[PDB]
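Okay, here we've got a single chain as structure tokens, the form deposited in one PDB entry, with questions on binding and movement later.
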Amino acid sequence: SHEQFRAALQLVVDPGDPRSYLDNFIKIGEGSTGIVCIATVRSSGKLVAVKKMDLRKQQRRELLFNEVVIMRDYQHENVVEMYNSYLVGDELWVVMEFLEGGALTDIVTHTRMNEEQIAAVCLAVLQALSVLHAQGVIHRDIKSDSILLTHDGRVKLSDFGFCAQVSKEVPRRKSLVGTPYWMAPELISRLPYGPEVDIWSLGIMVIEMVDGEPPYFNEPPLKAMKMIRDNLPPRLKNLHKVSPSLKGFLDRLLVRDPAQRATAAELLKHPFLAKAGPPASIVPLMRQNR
């Protein structure tokens, strides 16, 4: 069965060995699927990001197929570009664009963002989601961990391991995926859901940028999901540090009824996003500038 999956994925990925032009690998991250390394292009000296995933060490396994198939040619400014994919031994390697700024998680847990920087993040994410949702792609794992920055402060979306597709024939998904604290109520309740679950998850990420952590973060994962499922929409601990414009924006995000929840296209015109500053305003938040 292992060799059967190697042959199939082989027909999808690009032929050859990336080690022939890549040099000096070094781990900078690790996810549920695999590890992430910085590699140097031997010919030029430019840096890229490589995602190594051992085939005989995964659960669903077919989600490795998901990221590669769905995002093989996808191009967007606010989405981490996937250059090439290779089958190296028993591992799936994916060469992606390298975002030197690192993850947003390092920022929300060490420093505090102003509403200018928060709006800039939400604007970039909503720009990516609006295009993704329009083409029927749902991320289903939106959180500060999945958000990366460039060295000049541009925000991009990554980690499409849990992504899925919807259409006219099949408008709803049913799978239970994502990270517990960022999951939408209708997703936990095992109800047929759509792209609206990304909007809720984005609402939780706003709480991250304000409070530093998602709601019920101290509670066990299984316990927290029950709370999201049963209780009213989670509120900000630091509501007093939040302008009424951000509050109203958040109230359009954290709606239990998915039909009442605002879409990515609607939120792009929300008055709060008019406070979004340039990418240069996010630069002082990064670790090398503190």
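One-based numbering along the sequence shown. Between two forms, the rigid core is defined as the largest C-alpha subset superposing within 1.5 Å.
Which is higher on mean Cα B factor in this entry, 213 to 221 or 78 to 86? Mean C-alpha B-factor is greater for 213 to 221.
Mean Cα B-factor comparison, 107 to 115 or 141 to 149, giving the higher one as deposited: Mean B over CA atoms: larger for 107 to 115.
Can you pull the Cα B-factors for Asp159, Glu97, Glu208, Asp73 from the entry and say which is highest? Of the options given, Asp73 has the highest CA B-factor in the PDB entry.
What third of its chain's C-alpha B-factors does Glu196 belong to: lowest, middle or highest? Ranked within chain, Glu196 CA B lands in the middle tercile.
Considering only modelled residues of the same chain, in which third does the CA B-factor of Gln59 rank: lowest, middle or highest? Tercile = highest for this residue's CA B-factor.
Using the B-factor values recorded in the entry, state whether the Cα atom of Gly178 falls in the lowest, middle or highest third among the modelled residues of its chain. For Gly178, whose C-alpha B-factor we compare with every modelled residue in the chain, the answer is the middle third.
Is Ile282 in the lowest, middle or highest third of its chain when residues are ranked by C-alpha B-factor? It belongs to the middle third of the chain when residues are ordered by C-alpha B-factor.
Modelled-residue ranking by C-alpha temperature factor, third containing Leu11: CA B-factor rank for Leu11: highest third.
Although not depicted, the form deposited in another entry is the subject of the following passage.
After fitting the rigid core, tell me which of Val137, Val121, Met71, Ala103 has its Cα displaced by at least 2 Å between the shown form and the other one. Shifted by 2 Å or more: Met71 only.
Determine, after fitting the two forms on their core, whether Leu222 shows a C-alpha shift of 2 Å or more between the shown form and the other one. The answer is no, as the C-alpha of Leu222 shifts between the shown form and the other one by less than 2 Å after core alignment.
Establish whether a shift of 2 Å or more occurs at the C-alpha of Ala259 between the shown form and the other one, with the two forms superposed on the rigid core. No, shifts by less than 2 Å.
Establish whether a shift of 2 Å or more occurs at the C-alpha of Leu47 between the shown form and the other one, with the two forms superposed on the rigid core. For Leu47, whose C-alpha is compared between the shown form and the other one after core superposition, the shift is less than 2 Å.
Note whether the distance between the C-alpha atoms of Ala265 and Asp73 decreases (closer) or increases (farther) in that other deposited form, against the displayed form; the change is 3 Å or more. Closer in that other deposited form, by 3 Å or more.
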